[PDB]
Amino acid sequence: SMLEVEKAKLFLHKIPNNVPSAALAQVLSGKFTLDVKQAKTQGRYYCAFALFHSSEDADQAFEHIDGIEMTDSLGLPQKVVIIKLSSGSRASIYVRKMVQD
């Protein structure tokens, strides 16, 4: 049942440190909770996990994400989505499913 929790997770990463993690909720739909990981020492980016109630809700939310669909070198489908920052600045963050089976 650990896997069904994991299949309900989206992985948000390459997030610049100037992005407040609460702003990550603006690019996701549905009902989820965000678990933010601390940036490494002298690190510039951080990542977060969005946990939904099921893999179906996670898949539904990932499809709803407004972002460019791409494939990384590992062959994983990922979406590049723009975060509108209150400073008029912006950030590109990457979103993919946690489990790629």
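The first residue of the sequence shown is number 1, and the count goes up from there.
For the pair 68 to 76 and 35 to 43, the record assigns the higher mean C-alpha temperature factor to 35 to 43. Of the two segments, 23 to 31 and 45 to 53, the one listed with the higher mean B-factor is 23 to 31 (C-alpha atoms only). Among all modelled residues in its chain, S92 ranks in the lowest third by Cα B-factor.
For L12, the recorded CA B-factor ranks within the lowest third of the chain. Only modelled residues enter the ranking. When the modelled residues of the chain are ordered by C-alpha B-factor, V5 sits in the middle third.
In this PDB entry, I83 carries a Cα temperature factor that places it within the middle third of its chain's modelled residues.
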